[PDB]
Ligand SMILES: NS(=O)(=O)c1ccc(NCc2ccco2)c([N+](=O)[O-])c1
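In structure tokens, the next block holds one chain alone, the form deposited without the ligand.
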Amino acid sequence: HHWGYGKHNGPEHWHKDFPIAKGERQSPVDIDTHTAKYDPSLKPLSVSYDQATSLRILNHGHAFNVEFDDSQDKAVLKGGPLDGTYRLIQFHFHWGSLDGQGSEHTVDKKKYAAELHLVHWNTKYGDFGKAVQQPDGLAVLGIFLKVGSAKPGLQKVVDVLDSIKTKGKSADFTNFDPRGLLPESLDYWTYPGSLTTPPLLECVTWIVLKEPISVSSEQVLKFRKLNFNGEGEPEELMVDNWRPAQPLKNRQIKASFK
């Protein structure tokens, strides 16, 4: 027995094993566009992914991660509300069983078909493990996905999903350029939050892009064919692996645009 997204081990149950689930800076949250404050002091985001080195893709049971080599400053995020350099370590998604749900963050209560998370850690802390124990340890770039036209740069990812259908499976995944997953504009909203899966540590500085990217129905359909279960176990489709919006509490959401 362990956490998951089912009726008996879902988000509503996590607080029992991870008390911080009821914390003061939990994520995701609903972004109220009319209450978010424009902050002129916010610097533009600086994304340097030209030297990114992807290594592998694996199904860990709650989603699939594309891992990158983070032994050097190859793919980094700087600027915006960030102080220092943050290295990209992995990216993953959160999707639904239907196109009307799947994203973790919501905009004026609107849900998107999926949400992409690019996770980076503050180099000042030496490694990811130490970074998660700090309030400014991680920076996660959130991108919404809506169903429409196909996204060319995403196809490489969808075509290998068949090789990592079940929990525990991994496959070599080299030379993937994450730049093909970014929208045209880099305008964003930002707020202090947490990881959206256990251990739910409150070490994240969220950067949610205003502009979603479009993916085709066929592309998202392939995501839905993945399994939560391991090989040789009853098939349980990997869908709705998203956590519901949490109370904003004592926090303010800032916007880089007005």
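Position 1 is the first residue in the sequence shown; the rest follow in order.
Beyond the structure shown, there is the form solved in complex with the ligand, which is absent from this document and is the topic of what follows.
> Taking the pose of the ligand in the deposited complex and superimposing the surrounding C-alphas onto this chain, would you call the site open or blocked (blocked if 3 or more ligand atoms come within 2.4 Å of backbone or C-beta atoms)?
Replying inline: The pocket is open.
> Just one of 119, 143, 164, 77 has a heavy atom within 4.5 Å of the ligand in the deposited complex. Which one?
Replying inline: It is 119 that has a heavy atom within 4.5 Å of the partner.
>> Considering non-hydrogen atoms and a 4.5 Å limit, does the ligand approach residue 195 in the deposited complex?
In response: Residue 195: contacts the ligand in the deposited complex.
>> Check residue 199 for me: does it contact the ligand in the deposited complex (non-hydrogen atoms, 4.5 angstroms)?
In response: Output for residue 199 is yes: heavy atoms within 4.5 Å of the ligand.
> Within 145 to 164, which residues have a heavy atom closer than or equal to 4.5 Å from the ligand in the deposited complex?
Replying inline: None of them.
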